[PDB]
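Reading through the structure tokens given below for one structure.
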Amino acid sequence: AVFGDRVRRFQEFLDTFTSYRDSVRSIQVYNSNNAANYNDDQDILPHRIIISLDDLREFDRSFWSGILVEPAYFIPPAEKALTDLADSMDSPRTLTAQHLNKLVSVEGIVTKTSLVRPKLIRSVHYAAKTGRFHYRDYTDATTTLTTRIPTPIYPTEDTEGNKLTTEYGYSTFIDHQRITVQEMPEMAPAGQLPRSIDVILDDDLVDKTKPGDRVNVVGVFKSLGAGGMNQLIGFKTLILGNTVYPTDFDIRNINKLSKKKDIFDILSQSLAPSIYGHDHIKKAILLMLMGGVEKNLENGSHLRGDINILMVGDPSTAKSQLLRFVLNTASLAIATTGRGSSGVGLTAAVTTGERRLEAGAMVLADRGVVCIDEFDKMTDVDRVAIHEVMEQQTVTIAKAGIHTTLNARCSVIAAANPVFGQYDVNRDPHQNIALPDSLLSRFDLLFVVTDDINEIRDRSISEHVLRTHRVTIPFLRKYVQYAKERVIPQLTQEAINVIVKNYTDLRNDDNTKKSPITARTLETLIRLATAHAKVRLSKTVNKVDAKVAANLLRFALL
Amino acid sequence: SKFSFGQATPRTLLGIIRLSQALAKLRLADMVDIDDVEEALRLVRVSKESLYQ
Amino acid sequence: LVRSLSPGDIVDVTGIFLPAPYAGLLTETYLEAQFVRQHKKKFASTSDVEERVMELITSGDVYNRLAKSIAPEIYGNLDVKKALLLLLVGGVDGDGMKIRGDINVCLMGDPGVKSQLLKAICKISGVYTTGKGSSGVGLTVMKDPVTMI
Amino acid sequence: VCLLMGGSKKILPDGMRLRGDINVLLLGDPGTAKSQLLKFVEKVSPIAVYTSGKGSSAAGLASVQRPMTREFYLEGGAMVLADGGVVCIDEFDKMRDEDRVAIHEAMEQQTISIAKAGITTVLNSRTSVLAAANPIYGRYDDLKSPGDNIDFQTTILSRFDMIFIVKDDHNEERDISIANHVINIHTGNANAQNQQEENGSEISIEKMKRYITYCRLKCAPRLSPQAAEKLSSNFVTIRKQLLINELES
DNA sequence: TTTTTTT
Ligand SMILES: Nc1ncnc2c1ncn2[C@@H]1O[C@H](COP(=O)(O)OP(=O)(O)OP(O)(O)=S)[C@@H](O)[C@H]1O
Ligand SMILES: Nc1ncnc2c1ncn2[C@@H]1O[C@H](COP(=O)(O)OP(=O)(O)OP(O)(O)=S)[C@@H](O)[C@H]1O
């Protein structure tokens, strides 16, 4: 009697506010029109509703308190009232012991996604002689949210001797999945390994988190299992009842700001919030974040479009301090420092008896940024795999389990020291690094940074760092992903005449100073005008972008 | 120890015979002739010592 | 339809989706095949062959066109294409030894020649392998599946 | 004294934050007992890691543990215990280049990355390293050119803060004083008078520890604007000093 | 199927 009173009361409240009613109206009308277009020319949305915690507070604090205190009594009847209405219409650190048996909002990182298996709920069985169907359900502790008597064996020959032929199609199924979320590592105490728990999803939310993202989670803390009173520490935990959580004036501001001619320089100086000089270096980070164009050839292979730069310089020129700026400003990047053994270029498959995979560092940074620190200090083992990652954009893993082949087209930035000391221009331009020769042609830009001692520069470094101890960034990444979907460019005739003369300069006179001169350099000549056109959001390719690229080659090398 | 090597193995001759054999296979007629082997010698004298320019 | 599906192909498979009965309520699925439509029709299974071969012969300047036709996506390297055509030919064979109709030409030089032709060889002719991607058991022993191999 | 307190900590709009704790080097001639000094440094700070060399019986340094339930898990190390503390490294030249890179980064950007078979995180390390080296051939390293000490390069020292050279000059009064001062340390507890000194100065070591705990989180130090122009004019003089010793030589 | 060694 209690259940129907809670049902009718919440139904009255849901009937009290019609704001959600027109939402369900749009749900039903849209699914109707979607099935209407699918059944007229040729000859999706679920039923769960976001309920704000707005009106529940202005109606009954008793009922409010009941939801956030004992949710195992009010969410099922409220959904029951909703389904009736649908039919009438047609921190982990302080999480244990207390902050328990309630609805908990959890934040953290998506990691180690498990496997997808479906689960049966409603059985359909046909009897031969009676010529009738039947009905039988089964429940487990994930689905009921209430401690009910479990009813597990698949039925046959129930009452008279009629063959209970089971049927399908009409028999229902629901998928199932469990994932782990550890809290954010910067939030941790003085110095420790972060500790974690897990949350189980349901049917329409299977495979929404891949290992490696930033996710807010809202759900209910559910504890199952016989805690050692079965036959020594039990009562293992998990979380259920879940949701997934990762302007026109603003976009008009974007279109309005982009109507200028020197914002590349303005954004260039913008990306130096604490570093003096290195103007064209910031210009190159803008062009890397632009990402270039992708032109897959006719029945051939794709051509890589992003740009990768490794640095070398005197050990005091923000070599490592330029990296975290690129870390925070871009999107979906992972920083690798020092060693990278067993998991940068591979997945290793160490995981019922089966073989599973965990996406490695190079794979997880797909369509993103790879931050590599101390490239010469990397052991010689993975150096072979770096050529494959950087040139064919694929990773083939052939271990004893299953040989596979996949895609990762990541952007990579590295930072290395000279071989010994500061002799970066003293000995010879060649092999001040003692890197393999193919890696020279593999990387796009190679910066040589000196530590030239002067005085105007000395005073300017002084007041910059000194006032440091005593237009903006969020506008920029929005400007980036907006510039991604409609500013894709196309090459023009004017793009040819400059880079041809430029490649002639690369072979007739550039070889007299340094090396190498590859056709890949000419590909970068196309990519820079492309990225300049993406930053200016142009559609064509202009001669002026190539004029900029000539200075970019001179500043990067000569 | 100049650009040219010291000795010529008989496998060089075995290879050039099989090469001219494949050259005859591209004629699809079993018409092993003077130019058939001459092309086999051309890719040997041109394959090696192409470092003149 | 058994013994009719080679591994590593492109095929249209039709069927019905049924689970299999076995932590207590875990349903492992499978598919029962109903129809096979294979993309990339297998060769060797003469009329349509000579329909283009006789026209290819009577086309004039066939020898330069054949080697010019294998991987024309680069510039120059005409004799290189000649060597690639001759590698594609091969095909040669009492109380002694037979003859191996295989060619083994090595390539030295750098750098813009470098994988552009190397992957193209297996394109025209092919499993592409690297140094570390294959172990000592890779290029040459596992637990036997469902069907000590 | 300056190492046990720790400087400022900047949380700028800049994508990085800077570093606060400092570093101590003691390269020099043997017999100095700089060893006893580094042991007592470990005893004073509340959390700190003292290491004597590159080769242990049992003391490790990003831990990789693969095993029950066939699960990979992260155990620990040494910089992890000393996040926000003191690291003491003895035998700076007797050390290998096997995980030295983690130390070549832990003191400068506070960011340890792991991209192995188990995990793929970027963690924190707020440490401070204290060195105690020995040049080759002892006191003769200063008789040849004044460099000739680290065989790899000088960039590690550029990534340190303070470099001290301990010399050994005979002064008979200083020698007699260091003699009888140490005999008084061993026997007859003459230097050990300390209790009246406790009555007059520095009543305890544990007192100093409780004081540092109180000192670190309470004050929010920052420099003063009238003092900044002094340092700006001084960095010029040091860089000029290096110009004088470098360009003409 | 991956971590500490040494010729
Ligand atoms: N132009 C600059 N403007 C501001 N800060 C700077 C500048 N150049 C250097 N820095 C300083 O860069 C320091 C950190 O330098 P790093 O690049 O980490 O030294 P490092 O030894 O090269 O680092 P690694 O990773 O060990 S190579 C910080 O204290 C910054 O203040
Ligand atoms: N005032 C003192 N000066 C020097 N040594 C002293 C003094 N008082 C006691 N000692 C002892 O004398 C030893 C001298 O060696 P150290 O001073 O440790 O030399 P060292 O330079 O540390 O050599 P290391 O440890 O390999 S760098 C110390 O380890 C103490 O046992």
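Consider segment D:51-64. How many of its residues are more than 11 Å from chain A (Cβ to nearest Cβ), more than 16 Å from ligand 2 (Cβ to nearest atom) and surrounded by 14 or more Cβ atoms within 10 Å (Cβ to Cβ)?
Number satisfying all stated conditions: 1.
Just for segment A:249-272: of the residues that are surrounded by 15 or more Cβ atoms within 10 Å (Cβ to Cβ) and more than 19 Å from A:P489 (Cα to Cα), which one is nearest to DNA strand E (Cβ to nearest atom)?
My answer is A:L271.
If the Cβ limit is 6 Å and pairs must be 6+ apart or interchain, which residue in segment D:72-92 that is of a type in the set (A, V, I, L, M) pairs with which residue that is within 16 Å of ligand 1 (Cβ to nearest atom) and not in a strand (DSSP E or B)?
D:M79/D:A106; D:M79/D:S125; D:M79/D:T127; D:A82/D:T127; D:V86/D:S128; D:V87/D:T127
Are there any pairs with C-beta distances below 9 angstrom linking a residue in segment A:311-330 that is more than 23 Å from A:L440 (Cβ to Cβ) and within 9 Å of chain D (Cβ to nearest Cβ) to a residue that is assigned to a strand (DSSP E or B) and hydroxyl-bearing (S, T, Y), with the two at least 6 apart or on different chains, and if so which?
If the second residue must be assigned to a strand (DSSP E or B) and hydroxyl-bearing (S, T, Y), the pairs left are A:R324/D:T111.
In segment D:65-98, which residues are of a type in the set (A, V, I, L, M, F, W, C) and outside any loop (DSSP other than H, G, I, E, B)?
Looking only at segment D:65-98, we keep the residues that are of a type in the set (A, V, I, L, M, F, W, C), and these are D:68, D:72, D:74, D:78-82, D:86-89, D:92, D:95.
Across segment D:65-98, the qualifying residues are D:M68, D:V86, D:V87, D:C88, D:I89.
Kindly evaluate D:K10 against the criterion of being within 12 Å of another protein chain (Cβ to nearest Cβ) and either surrounded by 18 or more Cβ atoms within 10 Å (Cβ to Cβ) or more than 16 Å from DNA strand E (Cβ to nearest atom) (or both).
Working: within 12 Å of another protein chain (Cβ to nearest Cβ): yes; either surrounded by 18 or more Cβ atoms within 10 Å (Cβ to Cβ) or more than 16 Å from DNA strand E (Cβ to nearest atom) (or both): yes.
It is true that D:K10 is within 12 Å of another protein chain (Cβ to nearest Cβ) and either surrounded by 18 or more Cβ atoms within 10 Å (Cβ to Cβ) or more than 16 Å from DNA strand E (Cβ to nearest atom) (or both).
Results for (1) more than 14 Å from chain B (Cβ to nearest Cβ); (2) within 30 Å of C:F43 (Cα to Cα); (3) of a type in the set (F, W, Y); (4) within 19 Å of the chain's Cα centre (by Cα), shown as yes or no for each residue.
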| site | (1), (2), (3), (4) |
| --- | --- |
| C:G90 | no, yes, no, yes |
| C:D95 | yes, no, no, no |
| C:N104 | no, yes, no, yes |
| C:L107 | no, no, no, no |
| C:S115 | yes, yes, no, yes |
| C:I121 | yes, yes, no, yes |
| C:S125 | yes, yes, no, yes |
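Please work out if A:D376 is within 16 Å of DNA strand E (Cβ to nearest atom), within 12 Å of chain D (Cβ to nearest Cβ), over 19 Å from the mean Cα position of the chain (by Cα) and of a type in the set (D, E).
Values: within 16 Å of DNA strand E (Cβ to nearest atom): no; within 12 Å of chain D (Cβ to nearest Cβ): yes; over 19 Å from the mean Cα position of the chain (by Cα): yes; of a type in the set (D, E): yes.
Spelling it out, it is not the case that A:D376 is within 16 Å of DNA strand E (Cβ to nearest atom), within 12 Å of chain D (Cβ to nearest Cβ), over 19 Å from the mean Cα position of the chain (by Cα) and of a type in the set (D, E).
A:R324: part of a helix (DSSP H, G or I) and within 21 Å of the chain's Cα centre (by Cα), yes or no? Spell out the reasoning first.
Working: part of a helix (DSSP H, G or I): yes; within 21 Å of the chain's Cα centre (by Cα): yes.
Yes; evaluated as a whole, the condition is true for this residue.
Residue by residue through segment D:80-99, note down the ones that are within 16 Å of ligand 1 (Cβ to nearest atom) and within 21 Å of A:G343 (Cβ to Cβ).
D:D99
Report the residue count in segment D:130-151 for those that are within 16 Å of ligand 2 (Cβ to nearest atom) and either part of a loop (DSSP other than H, G, I, E, B) or within 21 Å of the chain's Cα centre (by Cα) (or both).
Step one: list which residues in segment D:130-151 are within 16 Å of ligand 2 (Cβ to nearest atom), which gives D:130-142, D:149-150.
Cutting the leftovers down to either part of a loop (DSSP other than H, G, I, E, B) or within 21 Å of the chain's Cα centre (by Cα) (or both) gives us D:130-137, D:149-150.
Adding up the residues that qualify gives 10.
Being away from chain A (no Cβ under 14 Å), within 30 Å of A:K319 (Cβ to Cβ) and away from ligand 1 (no atom under 16 Å from the Cβ), is that true of even one residue in segment D:158-167?
Yes, segment D:158-167 contains at least one residue that is away from chain A (no Cβ under 14 Å), within 30 Å of A:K319 (Cβ to Cβ) and away from ligand 1 (no atom under 16 Å from the Cβ).
For residues that are outside any loop (DSSP other than H, G, I, E, B) and within 16 Å of ligand 1 (Cβ to nearest atom), scanning just segment A:332-367, find the one that is nearest to D:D97 (Cα to Cα).
Kept after step one, since they are outside any loop (DSSP other than H, G, I, E, B), are these residues of segment A:332-367: A:333-337, A:361-364.
Right, trim to within 16 Å of ligand 1 (Cβ to nearest atom) and you get A:335-337.
Numbers: A:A335: 22, A:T336: 18, A:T337: 15 Å.
Step by step, filter segment A:332-367, then rank; the result is A:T337.
State all residues of segment D:95-118 that are more than 9 Å from every other protein chain (Cβ to nearest Cβ) and over 18 Å from the mean Cα position of the chain (by Cα); if no residue qualifies, say none. Before the answer, list the steps.
Looking only at segment D:95-118, we keep the residues that are more than 9 Å from every other protein chain (Cβ to nearest Cβ), and these are D:95-96, D:98, D:103, D:106-107, D:110.
The answer is D:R96, D:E98.
Identify, please: which residue in segment D:65-94 is in contact with a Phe, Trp or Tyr (Cβ under 7 Å, 6 or more places away or on another chain) and within 14 Å of chain A (Cβ to nearest Cβ) and is, among those, nearest to DNA strand E (Cβ to nearest atom)? Steps first, please.
So in segment D:65-94, the residues in contact with a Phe, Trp or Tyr (Cβ under 7 Å, 6 or more places away or on another chain) come out as D:65-66, D:88.
Now narrow it down to the ones that are within 14 Å of chain A (Cβ to nearest Cβ): D:65-66.
Numbers: D:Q65: 7, D:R66: 5 Å.
That would be D:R66.
Would you confirm, using the coordinates I've provided, whether A:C371 is surrounded by 14 or more Cβ atoms within 10 Å (Cβ to Cβ), more than 16 Å from DNA strand E (Cβ to nearest atom), within 10 Å of another protein chain (Cβ to nearest Cβ) and not charged (D, E, K, R)?
Working: surrounded by 14 or more Cβ atoms within 10 Å (Cβ to Cβ): yes; more than 16 Å from DNA strand E (Cβ to nearest atom): yes; within 10 Å of another protein chain (Cβ to nearest Cβ): yes; not charged (D, E, K, R): yes.
So A:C371 passes the test.
Within segment A:375-419, how many residues are part of a loop (DSSP other than H, G, I, E, B), away from ligand 1 (no atom under 16 Å from the Cβ) and charged (D, E, K, R)?
4
State which residue is farthest from A:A549 (Cα to Cα) when the search covers only segment A:453-505 and only residues that are within 14 Å of chain D (Cβ to nearest Cβ), more than 16 Å from ligand 1 (Cβ to nearest atom) and not in a loop (DSSP other than H, G, I, E, B).
Step by step, filter segment A:453-505, then rank; the result is A:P474.
D:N184 - would you say it is surrounded by 13 or more Cβ atoms within 10 Å (Cβ to Cβ), away from every other protein chain (no Cβ under 14 Å) and farther than 15 Å from D:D93 by Cα? Outline the logic, then answer.
Numbers: surrounded by 13 or more Cβ atoms within 10 Å (Cβ to Cβ): yes; away from every other protein chain (no Cβ under 14 Å): yes; farther than 15 Å from D:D93 by Cα: yes.
Here the answer is yes, as D:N184 does meet what is asked.
Out of everything in segment A:336-357 that is within 8 Å of another protein chain (Cβ to nearest Cβ) and either charged (D, E, K, R) or crowded, with 21+ Cβ neighbours inside 10 Å (or both), what residue ends up being nearest to A:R409 (Cα to Cα)?
Among those residues, the one meeting the criterion is A:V344.
Which one of B:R18, B:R27 is within 13 Å of chain C (Cβ to nearest Cβ), surrounded by 10 or more Cβ atoms within 10 Å (Cβ to Cβ) and either touching a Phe, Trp or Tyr at 6+ places or on another chain (Cβ under 8 Å) or not in a helix (DSSP H, G or I) (or both)? If you could, list the steps in order and put the result at the bottom.
Working: B:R18 fails: either touching a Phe, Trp or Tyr at 6+ places or on another chain (Cβ under 8 Å) or not in a helix (DSSP H, G or I) (or both).
It is B:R27.
Of these, D:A58, D:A62, which one is within 20 Å of A:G191 (Cβ to Cβ), within 12 Å of DNA strand E (Cβ to nearest atom) and in a loop (DSSP other than H, G, I, E, B)?
Details: D:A58 fails: within 20 Å of A:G191 (Cβ to Cβ).
None of the others qualify; the one that does is D:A62.
Restricting attention to segment A:174-200, and to residues there that are out of contact with any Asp or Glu (no Cβ under 9 Å at 6 or more places or on another chain) and outside any loop (DSSP other than H, G, I, E, B), which single residue is farthest from the other protein chains (Cβ to nearest Cβ)?
If we take residues in segment A:174-200 being out of contact with any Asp or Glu (no Cβ under 9 Å at 6 or more places or on another chain) and outside any loop (DSSP other than H, G, I, E, B), then A:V199 is farthest from the other protein chains (Cβ to nearest Cβ).
Let me confirm something: among A:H403, A:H469, A:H430, A:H464, which residue is surrounded by fewer than 15 Cβ atoms within 10 Å (Cβ to Cβ), within 16 Å of DNA strand E (Cβ to nearest atom) and not polar (S, T, N, Q)? Can you show your working first?
Details: A:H469 fails: within 16 Å of DNA strand E (Cβ to nearest atom); A:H430 fails: within 16 Å of DNA strand E (Cβ to nearest atom); A:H464 fails: within 16 Å of DNA strand E (Cβ to nearest atom).
The unique qualifying residue is A:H403.
Cβ coordinates were reconstructed from backbone atoms using ideal geometry, including for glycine residues, and neighbour counts include every protein chain displayed. None of the figures in this text is laboratory data; all of them are computed from the coordinates on show.
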